[PDB]
Amino acid sequence: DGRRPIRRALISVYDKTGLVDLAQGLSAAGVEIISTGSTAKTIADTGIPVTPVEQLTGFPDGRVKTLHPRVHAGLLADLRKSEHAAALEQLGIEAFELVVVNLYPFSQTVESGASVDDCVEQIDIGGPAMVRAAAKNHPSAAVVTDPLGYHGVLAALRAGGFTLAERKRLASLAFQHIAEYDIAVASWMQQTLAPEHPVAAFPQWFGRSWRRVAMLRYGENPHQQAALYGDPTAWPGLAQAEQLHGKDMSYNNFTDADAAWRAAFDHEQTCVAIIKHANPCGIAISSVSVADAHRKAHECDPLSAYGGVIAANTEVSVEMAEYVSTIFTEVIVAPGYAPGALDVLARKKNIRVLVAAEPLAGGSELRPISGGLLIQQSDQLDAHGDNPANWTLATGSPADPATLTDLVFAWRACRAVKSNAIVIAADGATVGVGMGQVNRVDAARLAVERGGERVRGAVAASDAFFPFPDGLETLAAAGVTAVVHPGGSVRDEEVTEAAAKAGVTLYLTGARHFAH
Amino acid sequence: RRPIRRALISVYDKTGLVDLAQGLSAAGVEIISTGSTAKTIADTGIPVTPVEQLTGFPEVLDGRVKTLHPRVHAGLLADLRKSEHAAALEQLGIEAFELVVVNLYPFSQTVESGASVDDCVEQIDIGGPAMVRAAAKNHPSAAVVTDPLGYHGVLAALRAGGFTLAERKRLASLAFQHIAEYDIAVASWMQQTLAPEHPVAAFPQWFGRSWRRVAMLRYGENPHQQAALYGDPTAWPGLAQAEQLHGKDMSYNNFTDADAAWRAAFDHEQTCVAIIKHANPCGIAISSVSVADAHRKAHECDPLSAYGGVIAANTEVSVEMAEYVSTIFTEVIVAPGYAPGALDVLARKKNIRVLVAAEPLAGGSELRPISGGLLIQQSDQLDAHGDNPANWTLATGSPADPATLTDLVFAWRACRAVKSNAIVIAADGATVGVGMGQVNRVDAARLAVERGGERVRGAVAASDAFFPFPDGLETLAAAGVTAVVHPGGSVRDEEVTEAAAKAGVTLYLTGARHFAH
Ligand SMILES: O=CNc1c(C(=O)O)ncn1[C@@H]1O[C@H](COP(=O)(O)O)[C@@H](O)[C@H]1O
Ligand SMILES: NC(=O)c1ncn([C@@H]2O[C@H](COP(=O)(O)O)[C@@H](O)[C@H]2O)c1N
Ligand SMILES: NC(=O)c1ncn([C@@H]2O[C@H](COP(=O)(O)O)[C@@H](O)[C@H]2O)c1N
Ligand SMILES: [K+]
Ligand SMILES: [K+]
């Protein structure tokens, strides 16, 4: 088992939470406590005897208190080797079985908005060196870096020490915390201490760590395994969603929920988005209710909504839940659910019901690629051209207020559709969506075929300019009255002429919204 | 700015050390060093103060604690801006270090060749990182160099009367990046090898990674978004390490498309060329003749969509292929290499980005970030039990002739790279109709048939997921498709099998799914 009885413990903690309880426990079991500064005073003020580190070393400007061989030899001596044991005995140095250290809170000093000098001062040197030394010498030493493990220490103390397996685990955790601490120190120094000139949108180095939340049902396909990880520092998202009902989440369930969440919060009005394979099959807004927004979004493409992922940018009502319960739905994500809505959704056993925190706009997006990573600013639909006031009317009569709000809806909805994308919309609802096409005219053909009869009199949005007039002709031939696209082709006037010939209102934004 | 008087050197890699040491010694700098670093310097006749003289502590525990001493760290950590700290050093008899040169044993680089658990544990450096962190924390006084790359900078600093405060801040920032990279590597190895969890978990409880900026891209997904490319120095080279031989700067989409085209091409054993548009193939083809034949076949699938496409070949691009690529509007071409004269033919068009990438190593993990976290999965290597045609179930119709079967295997493997819901119609080792990224399976079948046109009659088809209803299969059968391959697995499978039986279509069930997003 490899249990070693605890005889000497080295305690040097910034956070003194649970320290007196731990110290009482250790002292009662005849453990010698060796401690530094304010940790030693906290213990001694209770009457518990404590050996100062200065008595061990015989050396007294603060910043270098435990960086001494009479500390580190006791931590690093491999007691499995006779020659290391003999060296300690000859130097009159005893080993430490237990090392309890928690570091200067650097990330919290930064989080409180302290100066450069104050944050630099909270960079611990001795602490990580003690933790790494005890972690490296896990066959002999046990290292605890959080007051959470203190009852584990008193339990191990009662059991005649920690096992070898327990000490390996503690060492592994110790090195994770040191890596997290250093990521935080390196990230802050790059940003605040030594930034680039001229200041750059993305830094020269990027580092992050995550903690496993759960194993998923499977990956993108059942022969692939997958896991979900959370970023404890980040603002809560889908990775922190609360599951209130249903079978376990798969990888695709999470990617779809994330895509549906983003598509719903891309609208100011009450909005419901229905997603299939990271693409919307139906999006709608309402000035009436969530239920009306869900009905409109579902009626766009009921055949595709089968096994869909639903997101609402407001509380799901009982009225909406009743309709969702009659449709095959895999996932529903919302900022909350009205009294009785969860019970209506729970009528179907498998549907995953999630509660998520409302999104925080203006972040950076990570996109991994083979051998590396792409980092970009997220498309927040806030470009100069995303404001309809900044649109250029290329041909036709200006849109009436109802036609314009539909154009803004179709325009904002085209962001979430994978490229090449065409969104045909009317009365704040999509009627035909042409997604993920390798050419623009096929995306226009798709949206027209799906839209069916509802295309006549509707508006359309193109996420990129029409390179040739055929894509626009497809929409005009189907009865689309107004079209909004970025413009920007050398062939723009051919496209504008085709819309002029058809008597179609055409707007140019100068802003593009590809998504993949 | 501070003149360098005392330097602390402890380097694993001794590259440029003697040139640095002769530079420092000539400028009257006292070198404080230990072990093999001190011998390398002394063997040249350059005087060196051993760390053991400074500490006065004997040779114990295989050097595990040699520099963890206050006469080392007080010299590093004394804030010389505080008269009190400067007064403390005098009262204790400890001099300051203006320069700290430390390079560690390459832990990350040797985990793959780590002899045992005990040997890797022994390689964990304690003193080294503590010296680097201490000098980095005390950057207002100390300069910390962790790579022989910065030695030229040190000699230049010696000529100008020391490093500036701004230079020392930058060095400290780099020092902490290297420390963080070292610790990510030690933490990752301990989780995996030292203390793994029981029962066996495919993905560990903690995951950490860092990247280094390679370049700023033309723009992000759209021009109003900025973007940058980062590389993983520990990983096997991929698209992030590609060498650009020609063309305008790469955009974010150029890289995502190149990555998708690279993966689609290496999904085939035979000579293969994939043409991608918005992360989806518009044309894929294999050849037993040449790369040029594979590119022509793939381009013929959909020439209108190949306009502004991203091309990947899983073999060397020939002159013959470059000559056809030069007549077509192409944004990016990625290949493991180019034949003599092929690059010159490609360079006839100014803007085309010509890239050379390392052949991929199968069986890795994929990262997919989501709001507030990350999804990690095993990559789909097309090696499931059902990916072997020998393990397919013939549900109806006559068994496929050898030519029909090889086309089915091609269509099947090609359907992996197409975004879901996906349908691939193929013939003679080439796609003729691709239905991609559809919110419903029957629309993906309709797309593939409309694009395929006349070519669909007599061709084979592959579905990346089962047909939930017979309509998607009826669409293919009504168009003249002779054989179809899909996973099966629906409660409605027999309705789908009956529809194929009614049409006299050969139908195979694999039991393996290949969604991609
Ligand atoms: O960077 C300095 N940190 C060091 C050192 C050293 O630099 O020699 N020794 C112990 N520590 C840490 O000091 C804190 C505990 O000391 P107190 O007991 O006085 O609060 C805890 O945060 C311990 O990490
Ligand atoms: N056979 C199909 O077309 C199919 N099978 C499942 N799905 C949908 O794929 C999504 C991912 O399913 P899984 O959670 O099995 O990864 C869920 O929306 C699901 O209804 C399909 N479109
Ligand atoms: N207007 C369009 O449909 C369009 N404009 C550009 N593109 C293609 O988008 C891809 C990415 O372009 P960029 O690098 O600008 O992001 C390249 O293939 C490019 O030819 C389009 N499909
Ligand atoms: K889009
Ligand atoms: K696929």
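Quick note on labels: first sequence line is chain A, next is B, and so on, each numbered from 1.
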Side chains of [X] and [Y] in contact at under 4.5 Å (non-hydrogen atoms):
X: A/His513; Y: A/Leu381; answer: yes
X: A/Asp382; Y: A/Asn387; answer: no
X: A/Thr255; Y: B/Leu375; answer: yes
X: B/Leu355; Y: B/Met250; answer: yes
X: B/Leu346; Y: B/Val325; answer: yes
X: A/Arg208; Y: A/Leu366; answer: yes
X: B/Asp302; Y: A/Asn439; answer: yes
X: A/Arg440; Y: A/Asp463; answer: yes

For the side chain of [X] and the backbone of [Y], is there at least one donor-acceptor N/O pair under 3.5 Å apart?
X: A/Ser462; Y: A/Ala464; answer: yes
X: A/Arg262; Y: A/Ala259; answer: no
X: B/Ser305; Y: B/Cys282; answer: no
X: A/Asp256; Y: A/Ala278; answer: yes
X: B/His246; Y: B/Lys350; answer: yes
X: B/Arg413; Y: B/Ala411; answer: no
X: B/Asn351; Y: B/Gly247; answer: no
X: B/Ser379; Y: B/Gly364; answer: yes
X: B/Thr431; Y: B/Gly433; answer: no
X: B/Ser251; Y: B/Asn254; answer: yes

- Would you mind telling me which of B/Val291, B/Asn314, B/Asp267 makes a side-chain contact (heavy atoms from CB on, under 4.5 Å) with B/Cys272?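 The single option meeting the side-chain contact (heavy atoms from CB on, under 4.5 Å) with B/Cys272 is B/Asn314.
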- Can you name the one residue among A/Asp386, A/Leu407, A/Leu508 that meets side-chain contact (heavy atoms from CB on, under 4.5 Å) with A/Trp391?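 Single side-chain contact (heavy atoms from CB on, under 4.5 Å) partner of A/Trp391 among A/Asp386, A/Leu407, A/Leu508: A/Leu407.
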Could you tell me the separation between the [atom1] atom of [X] and the [atom2] atom of [Y], rounded to the nearest 0.5 Å?
X: B/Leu239; Y: B/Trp262; atom1: CG; atom2: CH2; result: 7.5 Å
X: A/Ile369; Y: B/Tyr252; atom1: CD1; atom2: OH; result: 9.5 Å
X: B/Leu343; Y: B/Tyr338; atom1: CG; atom2: OH; result: 8.0 Å
X: B/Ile352; Y: B/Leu245; atom1: CD1; atom2: CG; result: 11.5 Å

- Task: On the 0 to 90° scale, with breaks at 30° and 60°, tag the B/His517-B/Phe515 ring pair as parallel, tilted or perpendicular.
- Result: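 Perpendicular: the ring planes of B/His517 and B/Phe515 meet at over 60°.
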- Is there a side chain to side chain donor-acceptor pair (under 3.5 Å) between A/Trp205 and B/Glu181 once you walk through the steps? CA-CA 10 Å; A/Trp205 181 85; B/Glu181 291 163 7; 2.7 Å; yes
Any carboxylate oxygen within less than 4.0 angstrom of a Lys/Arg side-chain nitrogen, looking at [X] and [Y]?
X: B/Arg451; Y: A/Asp442; value: yes
X: B/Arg416; Y: A/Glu220; value: no
X: B/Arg213; Y: A/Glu196; value: yes
X: B/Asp428; Y: B/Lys297; value: yes

- Verdict with supporting geometry, A/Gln376 and B/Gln225, side chain to side chain donor-acceptor pair (under 3.5 Å): CA-CA 7 Å; A/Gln376 75 167 346; B/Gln225 292 153 260; 3.1 Å; yes
Do you know which two heavy atoms are closest between [X] and [Y], and how far apart they sit?
X: A/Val438; Y: A/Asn420; answer: C-ND2, 3.6 Å
X: A/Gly488; Y: A/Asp492; answer: N-OD2, 2.7 Å
X: A/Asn279; Y: A/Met435; answer: OD1-CB, 3.5 Å
X: B/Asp407; Y: B/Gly429; answer: OD1-N, 2.8 Å
X: A/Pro486; Y: A/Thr509; answer: CA-OG1, 3.4 Å
X: A/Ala201; Y: B/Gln226; answer: CB-OE1, 3.7 Å

- Is it possible for you to check whether B/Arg212 lies under 6.0 Å from the centre of the six-membered ring of A/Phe206, through NZ or CZ, and within 45° of that ring's axis?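 Not satisfied by the 6.0 Å and 45° rule.
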- Task: Taking the six-membered ring for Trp and the full ring for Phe, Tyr or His, determine whether the centres of B/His224 and B/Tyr219 are under 6.0 Å apart.
- Result: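 Distance test on ring centres: not under 6.0 Å, no.
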- Message: Pair A/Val441, A/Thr474 - check side-chain contact (heavy atoms from CB on, under 4.5 Å), show working.
- Response: CA-CA 7 Å; A/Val441 62; A/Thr474 297; 3.6 Å; yes
- List the steps and the verdict of side-chain contact (heavy atoms from CB on, under 4.5 Å) for A/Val459 and A/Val483. CA-CA 6 Å; A/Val459 305; A/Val483 175; over 6 Å; no
- Query: Between the side chains of A/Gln377 and A/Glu365, does any donor sit under 3.5 Å from an acceptor?
  - Reply: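 No donor-acceptor contact under 3.5 Å links the two side chains.
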- When you check the side-chain N and O atoms of B/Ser318 and B/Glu320, is any donor under 3.5 Å from an acceptor?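 No, no side-chain donor-acceptor pair sits under 3.5 Å.
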- Message: Counting only heavy atoms not in A/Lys501 (residues, nucleotides, ligands), do more than 12 fall under 6.0 Å from its NZ?
- Response: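 Counting other residues, nucleotides and ligands, NZ of A/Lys501 stays at 12 neighbours or fewer.
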- Query: Should we say atom CD of B/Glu316 is surrounded by more than 12 heavy atoms from elsewhere, each under 6.0 Å from it?
  - Reply: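 Yes, because the 6.0 Å sphere around CD of B/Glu316 holds more than 12 heavy atoms from other groups.
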- Item | Pair B/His295-B/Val317, side-chain contact (heavy atoms from CB on, under 4.5 Å): steps then yes or no | CA-CA 10 Å; B/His295 173 256; B/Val317 168; over 6 Å; no
- Steps toward side-chain contact (heavy atoms from CB on, under 4.5 Å) verdict (A/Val504, A/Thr395): CA-CA 7 Å; A/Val504 170; A/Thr395 181; over 6 Å; no
- Item | Reference residue A/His485; test ring pair (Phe, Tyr, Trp, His ring centres under 6.0 Å); the match among A/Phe465, A/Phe466, A/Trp411 |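 Between A/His485 and the candidates, ring pair (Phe, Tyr, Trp, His ring centres under 6.0 Å) is satisfied uniquely by A/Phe466.
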